[PDB]
Structures are given as structure tokens and as C-alpha cells.
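Take a look at this one chain, the form solved without the partner chain, written out in C-alpha cells.
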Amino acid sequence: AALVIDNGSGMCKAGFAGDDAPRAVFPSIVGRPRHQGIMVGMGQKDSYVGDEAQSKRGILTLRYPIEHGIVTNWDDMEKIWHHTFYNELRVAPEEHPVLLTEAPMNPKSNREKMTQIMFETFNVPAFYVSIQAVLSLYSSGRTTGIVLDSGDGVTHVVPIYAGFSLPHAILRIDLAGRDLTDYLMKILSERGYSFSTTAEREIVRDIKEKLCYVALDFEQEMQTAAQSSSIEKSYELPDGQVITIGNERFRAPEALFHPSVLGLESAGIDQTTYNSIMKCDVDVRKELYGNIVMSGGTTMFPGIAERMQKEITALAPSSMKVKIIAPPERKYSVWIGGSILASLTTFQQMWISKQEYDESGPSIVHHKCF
């Protein structure tokens, strides 16, 4: 009975192998009080994790331990994993194998510290780290495809042909949904709405998840928003204030396709996918063009698949059939692939056991998870 934990930058997904949906999906935030507790007998913890930190947002500073796929606070990461094991899944980690997720081209100390914390703090019997895009390909039943994975920390593009990784063609951008949340925070001040705190950042993230979309033609959509008022929508703040947003619904996701509005020199996701395809051998590009898979929460914008199809079809040769696979459950696709991968009988010999960690230290994670 293995445990599958998709530990992304923004949201933690956790559950059991063999299941089809994550049992526990909760934000990976740690909240700490900014003020002094004055009423006694209440019961006031010094730390709040997950949905409890989200429900007490107005008196807490919220911190993400993971930034751009890299854990920057390991004590808060340990707190989040403890909340995963003991409060959400309600299991003992000493009797369950654990499969973790990681973004490609991460520092090696991240993998080593994850292995050390899993084997020493939680005393797991078995452990493995997988790349998220490979799990996204696992969930779709495919062995050939190019995966665009965009969550909250980073966006990575990984091509796989016939079950073989092509690590020279793996591309990675530091743009994901948190940068889109910050950009929407910046461009909402043009209408007079000020958001600066971490709780207001969570409010703007809710605004982006509810009302933002990807325009098929950006300049035509700007002309339509300038002409009429059919684009503007209303959102109710937690204090009852109603705000109205116009072109910011599609200007903020446009940073995914044109990162220069963030001051970034990198290319957009369509150009990155095309460059990853062109970095591969000429005999695999046809299968990659027809098997473009998207996973993650940032691929859940309305109209992102049609725009991605249009831009890649513009980039590709005219005889190539470009197909974008954006299933309705793609936001959990990485986890679903983990739930497939930990459930295979061929995978059962690829676990890192406690004996191998005892004889080799954390560095065995560089020899068993490749």
C-alpha cells in the first residue's frame, strides 16, 4: 500500500496508489501569527498548515516553503509533510512506501534532503522520486509525447519517445501560476485595487482561478475590451466589496505566451514546446507534434489549448498534425501517473529501501531515481 504525494509549489496532493483521485488536496502554506494572543484559554498554535492557515488568513503571514520547485524552508516542508501524513491521510509513514515528485533540473541537495527527511524523520520503508512530466505521460496511457507541465512554481517541457527520456531536450521556465498571480496583483492597481499582503495574494489567486482566461487573438481581444463592456466581470471580496475587472482577465495569462511583460527574457510556452520538439531527432518530431500533453493548474485556463494549438500550428510545418491533449482532469494528472507508477509490479523492484539508504546515505537517490 504505497503513498503517492505530488508535492508541488502551491498545492500538496496526497493519497494511495491504486486510487484515481488524490485523497487530500490542500495548499502548501505555513501561517504564523503577526500579532500577540490576548485572550487566554482559546488554544493558539504558533503554526498553521494548509486549510487552517487559509481560514485564518487575516491574522497570519503565509509562507510557501517551495519556490520555483525548490524547497527554501525545510522545517516548514517537514511541517507540511507531517500534516500530510498525520492529519490528512491519517496513516503511519513507517509502514507505507512513499513516492515523491520533483521538477527537472532541480538542485541535487533538494533530492538528497528529501531522501534524508523521508528516511530519518518519517522512517519510511521505501522511497522514490519521479519527474512530474513522466507521471503526466503515465496518466494518459501514452509512452510517446511531449509534456508541458505548469503548476505554481515552474513550467517544464519534457519530450519522451517510445518510453525513452530525451534529457538534452528538456526545457524549463521559471514562470508559472504564482508569477501570474503577482502580475495580476500588479495590473489590478491600474483600476485602483491594492493587494500587497499574503492574504490578498491568496485572494488574487482566487480571482485568477475564477475569472481569467487565455485569448485566442490578444490584440483582437484588447480591441473588443476597449470597444464594449461585455468582457468585464464582477468579483466579491471577503469584506463584501465588489470589484470589476476588464482586460486583466486575459492580460495576466498572456504572460504565459509573452514573458517580456514580466521583465523576463525567456520565450513563451508555445515557443518553448516548439524549441523542445526541434531539439529532438528528426524522426521523432511527428509523434511529438500529435501528442502534446498539458498538465497542472496553469493549464486549466479557458482557451489555453486552442491558443496553444494555433501557435504551435503556426510554428510547425503545414503538413504536421498538431494535437493538444488537455483532459478535464489534467490538474491532477501527475498524481494519477504516480498512482499508476506505484501500482505497477515492475516498479516494485525500483524502490530505495531502508537498507540501501543505511549503506549509502542520501546519495543513493542519484543512482536509483534517474
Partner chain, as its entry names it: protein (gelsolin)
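Positions refer to the first chain, counted from 1.
Another form, the form solved in complex with the partner chain, is not on view; read the next lines as being about it.
Engineer: Candidate spot 116, 360 and 365, all three in 4.5 Å heavy atom range of the partner chain in the deposited bound form?
Structural biologist: Spot residues vs the partner chain: no contact at all.
Engineer: In the deposited bound form, which of the stretches 294-302, 75-83, 94-102, 160-168 has residues with heavy atoms within 4.5 Å of the partner chain?
Structural biologist: Checking each option against the 4.5 Å cut-off leaves 160-168.
Engineer: Would you please decide whether residue 122 lies within 4.5 angstroms of the partner chain in the deposited bound form, comparing each non-hydrogen atom pair?
Structural biologist: Looking in the deposited bound form, residue contacts with the partner chain do not include residue 122, since no heavy atom lies within 4.5 Å.
Engineer: Heavy atom to heavy atom, is residue 314 within 4.5 Å of the partner chain in the deposited bound form?
Structural biologist: No.
Engineer: Using the partner position in the deposited bound form, report whether residue 29 sits within 4.5 Å of the partner chain, counting heavy atoms only.
Structural biologist: Result no; residue 29 lies far from the partner chain in the deposited bound form.
Engineer: Taking 4.5 angstroms as the cut-off for heavy atoms, does residue 355 touch the partner chain in the deposited bound form?
Structural biologist: Judged by the heavy-atom cut-off of 4.5 Å, residue 355 is well away from the partner chain in the deposited bound form.
Engineer: Heavy atom within 4.5 Å of the partner chain in the deposited bound form: which of 127, 257, 138, 250 fits that? Just give me the one.
Structural biologist: For this set of options, the contacting one is 138.
Engineer: Can you work out which of 87, 271, 224, 143 has a heavy atom no more than 4.5 Å from the partner chain in the deposited bound form?
Structural biologist: When the partner chain is considered in the deposited bound form, the option within 4.5 Å is 143.
Engineer: Mind listing which residues of 309-344 have a heavy atom within 4.5 Å of the partner chain in the deposited bound form?
Structural biologist: Residues within 4.5 Å: 329, 336, 339, 340, 341, 343, 344.
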